[PDB]
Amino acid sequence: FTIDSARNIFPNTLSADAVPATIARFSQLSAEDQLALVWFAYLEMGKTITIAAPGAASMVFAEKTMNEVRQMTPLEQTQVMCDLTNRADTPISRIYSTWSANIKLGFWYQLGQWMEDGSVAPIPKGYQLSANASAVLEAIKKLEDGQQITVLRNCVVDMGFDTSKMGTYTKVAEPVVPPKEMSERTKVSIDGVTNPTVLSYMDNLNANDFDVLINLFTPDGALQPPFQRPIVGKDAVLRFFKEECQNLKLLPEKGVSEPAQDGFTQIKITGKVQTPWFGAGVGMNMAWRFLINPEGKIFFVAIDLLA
């Protein structure tokens, strides 16, 4: 096996490629239409589900820029949001690109709160979307909740100046929370799968115990998040666990295990995952595809958002 051939296990797994499809339609619109479309989608979503605000401890790297935006005049505030949306080269747009996904989301959550109470320049009353933007908004409102919040997250994440041409820069993330209190941990069960490596992957992720979790991988192993390329090697995979994978709740329900070539094992689990942004408000339907070597170490795992 190679990582590239490991990618193809269980090829009838149908992922939700409506998500990148919708994002690409979104990318065709004007900056102002993009901001207004998301505002209208956000407001509609808030009728039924509520974002859990992040702790102030996780926003320490964004706090000063956020207060700067609030104190700006309305026209400056609108220009900052447009700059981010167009991925313009401005100081705020560069700083934004050094932030982890959760810091970026908290930044836009705070702006959205301030747009509601009138502190930040709101979407003009009687704003009219272009016909193409109107079609995108309706499409987004039609997606199931798990796919809706993934479109919204991926829009937020892709804003800011292109990371490729700020060169050497420190990527910044939320504090690394200590592993969960032992008495506070739960024990997953999976109908049809008792493989100890897969159970330990689930339990350690649910406990935020990334030092233990990373030891489940081969040194050259890889993890592939939904709609992304594989992250290769223990060092990069551990950075991703710390930067992006804290406070998830994984609820695998059932799975199947099959031999693969050379005493490898290929395992597919389906279930739900909750993000801390929404808790039980949004249960995302996920698949996990593991390729495990004869010693029981993860050579490859893909995580798919299901159609």
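One-based numbering along the sequence shown.
If you average the CA temperature factors over each stretch, which comes out higher, 99-107 or 160-168?
Taking the mean B-factor of the alpha carbons in each, 160-168 is higher.
Which has higher Cα B-factors on average according to the PDB entry: 217-225 or 125-133?
Higher mean C-alpha B-factor in the PDB entry: 125-133.
Please work out which residue in 237, 190, 155, 205 has the highest C-alpha B-factor recorded for this crystal structure.
The C-alpha B-factor peaks, among 237, 190, 155, 205, at 155.
Quick one: which of 250, 60, 51, 267 shows the highest Cα temperature factor in the PDB entry?
Going by the entry's C-alpha B-factors, 51 comes out highest.
Among the modelled residues of its chain, does the C-alpha B-factor of residue 275 lie in the lowest, middle or highest third?
As the PDB entry reports it, the C-alpha B-factor of residue 275 lands in the lowest third of its chain.
How does residue 294 rank on Cα B-factor within its chain, lowest, middle or highest third?
Tercile = highest for this residue's CA B-factor.
Classify residue 26 as lowest, middle or highest third according to the C-alpha B-factor given in the PDB entry, relative to its own chain.
Within its chain, residue 26 is a highest-third residue by C-alpha B-factor, going by the deposited values.
Give the position of residue 150 by CA B-factor within its chain, expressed as the lowest, middle or highest third.
Answer is lowest: the recorded C-alpha B-factor places it there.
Taking the values exactly as deposited, rank residue 65 by C-alpha B-factor within its chain and report the matching third: lowest, middle or highest.
Lowest third - that is where residue 65 ends up once the chain's C-alpha B-factors are sorted.
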